[PDB]
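The residues making up each chain are set out below.
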There are 2 protein chains.
Amino acid sequence: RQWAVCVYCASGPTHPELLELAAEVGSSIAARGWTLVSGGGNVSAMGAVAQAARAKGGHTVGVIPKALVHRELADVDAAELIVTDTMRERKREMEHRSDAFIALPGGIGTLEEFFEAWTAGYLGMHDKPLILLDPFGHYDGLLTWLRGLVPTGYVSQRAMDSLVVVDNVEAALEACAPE
Amino acid sequence: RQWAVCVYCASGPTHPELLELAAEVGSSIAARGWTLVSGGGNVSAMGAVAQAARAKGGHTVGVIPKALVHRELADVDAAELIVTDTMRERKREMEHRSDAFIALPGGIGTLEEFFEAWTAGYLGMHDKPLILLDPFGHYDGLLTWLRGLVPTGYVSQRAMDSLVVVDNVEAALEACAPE
């Protein structure tokens, strides 16, 4: 059973900075001998990360709910394509299959995955690393805003501190590595 | 069965402004003859909303994972209390029991809930209203950041327009009301 890293990332934009990020993540995961777990779609960053893992010989696991199969273009090239009945089952599968989590820039669907993984880690329901990887300032406004929730007690310092925020792929993967 | 409104909200702080808002919401839900659904805990805003609803003889439904029963002071005085195995089952039960959703100020756990409900509605998995009720600019920074995701295509204008953002209880409940 290879170490597995789950990547949550955009399903929409085709911006080169986004796709190039996602591709480097996918390559680097594969090059470490690690399995990539992702949303199993061939669009946007989700397509880019899995394609790049495969180009380097890496094992890819794609987990997609049946309702998104035609919309997010189910990744028929994943070595394991897991099609789930529901979206919550999709997230449970991605969690169960993975040893660490990386969130790349994305929109509301990425954010719901991220907040779910974060809250679960913080409550002690799993002890897997959660990395937010953002080289081009995508989540700057979100993080400034989350930090303002600490002095007012809505978010604990401990919750903030259990999130690993980095701007480069190499630091993201070091923070995901098996101890 | 009775029209049911789910209220996602803080589980930490005890600010009078927060507790007063959550109490007014619970009282006003019961005053309409509606059911309150919530995370079934007697802490912070979560406890204030369910206590206010029940105080006016409103039907209250609490949904809580077994692992939070102690730390969130499971609301055993609720008319119905569902104890689930997982956080995902918790959120599934809250969704299926409810006709409309209100998010009040909260932290990462509220944002987890809110972003999941938003995503599911946007993708067409339900057509239930989603209201963000914020009389004190709690979410101003989050909304400003989310709107900055629209011109670059991470979040559609359609997704933003889905959200009903209001600053008062009456407008929130009007937007949750049965057609």
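Looking at the entry header, you'll see X-ray crystallography listed as the method and 2.1000 Å as the resolution.

What the PDB entry is called, per its title line, is "Crystal structure of a putative uncharacterized protein and possible Molybdenum cofactor protein from Mycobacterium smegmatis".

A. Structural detail: the pattern of salt bridges. Within this structure, the stated rule accounts for 26 salt bridges over all chains. Between A:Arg92 and A:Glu93 there is a salt bridge whose closest N-O contact spans 3.6 Å. Overall, the relative accessible area of 46% leaves A:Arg92 in the partly exposed class. A:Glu93 sits in the buried class, given a relative accessible area of 17%. Put simply, A:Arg88, A:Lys91, A:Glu95, A:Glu112, A:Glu116, B:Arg88, B:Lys91, B:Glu95, B:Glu112 and B:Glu116 are held in one network by salt bridges that share partners.

B. Focus on the packing of helix α3 (residues 87–96) of chain B against helix α4 (residues 108–122) of chain B. Residues and elements named next belong to chain B. One way to put it is that α3 packs onto α4 with a least axis distance of 11 Å and a crossing angle of 55°. By the criterion of interaxial angle, the relationship of α3 to α4 is oblique. Seen from above, α3 lies across α4 with right-handed handedness. Counted together, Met 87, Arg 90, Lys 91 and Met 94 of α3 and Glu 112, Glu 113 and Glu 116 of α4 form the full contact between these two elements.

C. Quick look at the environment of A:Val165. Residues and elements named next belong to chain A. You can see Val 165 is positioned in strand β7 (residues 164–166). Sequence spacing of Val 165 and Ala 10 is 155 residues, and the spatial spacing of their C-alpha atoms is 18 Å. Beyond its immediate stretch of four places on either side in the chain, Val 165 contacts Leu 132 and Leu 143.

D. Representation of the side chain of A:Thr60. Residues and elements named next belong to chain A. Take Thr 60: it is sitting in strand β3 (residues 60–65). For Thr 60, a relative accessible area of 1% corresponds to the buried category. Only 3.3 Å separates the side chain of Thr 60 from the side chain of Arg 54, close enough to count as a polar contact. Not counting the four nearest positions on each side in its chain, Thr 60 is found in contact with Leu 36, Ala 50, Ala 53, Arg 54, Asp 77, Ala 78, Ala 79 and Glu 80.

E. Up close: the packing of helix α1 (residues 16–31) of chain A against helix α2 (residues 44–55) of chain A. Residue and element names in this part refer to chain A. Close contact between α1 and α2 brings their axes to 7 Å; oriented N to C, the two are set at 35°. Like other packed secondary-structure pairs, α1 and α2 cross with a definite hand, here right-handed. Of the residues in α2, those touching α1 at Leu 18, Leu 19, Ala 22, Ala 23, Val 25, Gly 26, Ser 27 and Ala 30 are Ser 44, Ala 45, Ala 48, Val 49, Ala 52 and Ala 53. Its residues assigned to classes, the contact of α1 with α2 shows 11 nonpolar, three polar and no charged.

F. Quick peek at the sheet that holds strand β2 (residues 35–38) of chain B. Residues and elements named next belong to chain B. Here we have seven strands laid out as an open sheet, ordered β4-β3-β2-β1-β5-β6-β7, and parallel in their pairing. Both edges of this open sheet fall to β4 (80–84) and β7 (164–166), since each of them pairs with a single strand only. Ignoring strand direction, the axes of neighbouring strands in this sheet form an average angle of 20°. Bridging between strand β1 (residues 4–8) and strand β5 (residues 100–103) involves four bridges; their strand directions are parallel. Paired with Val 7 across the strands is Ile 102, a residue of β5. Strands in contact with α3 are β1, β2, β3 (60–65), β4 and β5; relative to β3, the strand with the most contacts, it is inclined by about 160°.

G. Local environment of helix α5 (residues 140–148) of chain A. Taken together, the buried positions of α5(A) are occupied by A:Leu142, A:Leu143, A:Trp145 and A:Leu146. For α5(A), the angular spread of the buried residues around the axis is 165°, confining them to a single face. As for α5(A), its buried residues are in contact with α4 (108–122), β6 (130–133), α6 (157–161) and β7 of chain A together with α4 and α5 (140–148) of chain B.

Calculation criteria
Residues numbered from 1 in each chain as written, not as in the entry; some residues may be left out. Chains lettered and ligands numbered in written order. Heavy atoms only, no water. Residues with missing side-chain atoms left out of burial classes, pairs and counts. Salt bridge = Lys/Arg side-chain N within 4 Å of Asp/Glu carboxyl O. Buried < 20%, exposed > 50% of the residue type's maximum accessible area, 1.4 Å probe, protein only. Axes fitted to C-alpha atoms, helices over the stretch in contact; angles between N-to-C directions. Helix = DSSP H or I, 4+ residues; strand = E, 2+ residues; numbered from the N terminus. Parallel < 35°, antiparallel > 145°, perpendicular 65-115°, else oblique. Left-handed = near helix turned anticlockwise from the far one by under 90°. Contact = heavy atoms within 4.5 Å. Polar contact = N/O pair within 3.5 Å; in protein donor to acceptor, adjacent residues only side chain to side chain. Nonpolar A, V, L, I, M, F, W, Y, C, P; charged D, E, K, R; others polar. Pairing = 2+ DSSP bridges. Arc of directions from axis to C-beta.

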